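Everything on this sheet refers to the single structure shown next.
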Ligand SMILES: [Mg+2]
Ligand SMILES: [Mg+2]
Ligand SMILES: [Mg+2]
Ligand SMILES: [Mg+2]
């Protein structure tokens, strides 16, 4: 519906030119909507970006819930696939949240939540190493995204090959 | 000398309030120097931050050159110690270079150089795994710095314990 359309247009504009550099006026113009339509769904630009992040986080929560019986390697392959599909939001997450002073806490809150869930999953078969593995693997996944999605946009097969080999070495 | 004093004051101010939010006037005022003294050593604010990064990078180059005969675990322990001592510059590197549009390329150039050197070091005893290990280990080290130096400033012993256990698991 309209809320979905606003979210899509906002993700596009924030990806293209940042949160600070995009106004509600530009968003509604691009979406061919009135300001009233926007404010009916979002009370502020702040609520809007928070929802964008929240919805991608929810896909991550779903990923963990729906794949808790998979091997760590397969769960991680799925995690990378979702992040790649959501790469515009990943870009916003880094440049508009981590890089900000106001939203830095959200960036870390979401990472910590993903880390807690990943740890819980790993405690099942690697209890004494789950804490360590979560740091290593999240660090490795972030290195791959930063260099092969953010610095340069490589195609997904390349990232999957890198992830697969690194996880094989680790496990 | 004077150049060193300017560098120290600039690292402090950029750490405290960012590159964009710090002026040459504030730097020379804090250093009790004239603008002429500043311009004798730096032609611009851009040259100044570039030199700050270049000097910390040089400490990294030295680290690799001076410890090429150490075990990977010990070389990495030293790498973490230097990054921790240089944590104000690490903070500037992320928030003033990666987060910028103008200086993003420098952030990646330096990381790539560190990665190339680390890879070369690892090719000696783990040729077929050096490329993979460099991604994993740099990712892991970055995860530890981001969460335990940037998000919250933990003391060095904690970071070293985390690094030690993760490298033991990897190697
Ligand atoms: Mg598969
Ligand atoms: Mg698949
Ligand atoms: Mg030692
Ligand atoms: Mg030591």
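Protein chains in written order, with the deposited numbering: chain A, 2 to 172; chain A', 2 to 172. A prime marks a further copy of an entry chain.
Cβ coordinates follow ideal geometry from the N, Cα and C atoms, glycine included.
Check, Outcome
"In terms of alpha-carbon separation, which member of A'/92, A'/90, A'/122 lies closest to residue 69 of chain A'?", "A'/122"
"Give, in chain order, every residue of the segment 86 to 99 of chain A' whose Cβ lies closer than 7 Å to some Cβ of chain A.", "96"
"Do you know how far the Cα of residue 64 of chain A' is from the Cα of residue 79 of chain A'?", "8 Å"
"Report the rounded CA-to-CA distance for residue 170 of chain A versus residue 110 of chain A, giving the unit in angstroms.", "29 Å"
"Following the continuous alpha helix (DSSP H) through residue 70 of chain A', name the residue where it begins and the one where it ends.", "Premise fails: residue 70 of chain A' is in no alpha helix (DSSP H) and is neither H nor E."
"Suppose you measure from the CA of residue 134 of chain A to the CA of residue 25 of chain A'; what does that come to, to the nearest Å?", "45 Å"
"Check whether the Cβ of residue 70 of chain A' sits closer than 7 Å to any heavy atom of ligand 3, and report yes or no.", "no"
"Could you name the residues of the same chain whose beta carbon sits closer than 6 Å to that of residue 87 of chain A, not counting the 5 residues immediately before and after it, in chain order?", "57"
"Based on Cα-Cα distance, which residue from A/117, A/3, A/27, A/155 lies nearest to residue 66 of chain A?", "A/117"
"Would you mind listing the alpha helix (DSSP H) stretches within the segment 75 to 157 of chain A that are 4+ residues and don't spill past its ends, in chain order?", "88 to 93, 105 to 124, 131 to 146"
"Name, please, each residue of chain A whose Cβ falls closer than 8 Å to the Cβ of residue 1 of chain A'.", "Outside the shown range of chain A', which is 2 to 172, sits residue 1 of chain A', and nothing can be said about it."
"Taking a Cβ distance cut-off of 8 Å, strictly less, list which residues of the segment 70 to 81 of chain A are near chain A', in chain order.", "none"
"Between the alpha carbons of residue 59 of chain A and residue 34 of chain A', how many angstroms are there, rounded?", "54 Å"
"Classify residue 22 of chain A': buried if its beta carbon has 16 or more other beta carbons within 10 angstroms, exposed otherwise.", "exposed"
"Under the rule that 16 or more other beta-carbon atoms within 10 Å means buried, what is residue 30 of chain A', buried or exposed?", "exposed"
"Pull up the CB-CB distance for residue 1 of chain A' and residue 81 of chain A', whole angstroms please, since I reckon it's below 8 Å.", "The question about residue 1 of chain A' has no answer, for chain A' in this structure spans 2 to 172."
"List the endpoints of the continuous alpha helix (DSSP H) containing residue 8 of chain A.", "3 to 18"
"List the whole-angstrom C-beta distance separating residue 77 of chain A from residue 164 of chain A, where the pair is believed to meet the contact cut-off of C-beta under 8 Å.", "6 Å"
"Using beta carbons (cut-off 8 Å, strictly below), is residue 152 of chain A in contact with chain A'?", "yes"
"Give the residues whose C-beta lies closer than 7 Å to at least one heavy atom of ligand 3, in chain order.", "A'/75, A'/78"
"Give the secondary structure of residue 35 of chain A' by DSSP, where H, G and I count as helix, E and B as strand, and everything else as coil.", "coil"
"Applying the 10 Å Cβ sphere with the 16-neighbour rule, what's the burial state of residue 71 of chain A'?", "exposed"
"Counting only C-beta atoms, is residue 21 of chain A closer than 8 Å to chain A' at any point?", "no"
"Give a yes or no on whether the C-beta atoms belonging to residue 93 of chain A and residue 42 of chain A are separated by under 8 Å.", "no"
"So with CB distances below 9 Å, who are the chain A contacts of residue 31 of chain A'?", "Residues of chain A passing the Cβ test: none, with the nearest at roughly 22 Å."
"Drop a sphere of 10 angstroms on the beta-carbon of residue 37 of chain A', count the other beta-carbons inside from all chains shown, and report buried for 16 or more, exposed for fewer.", "exposed"
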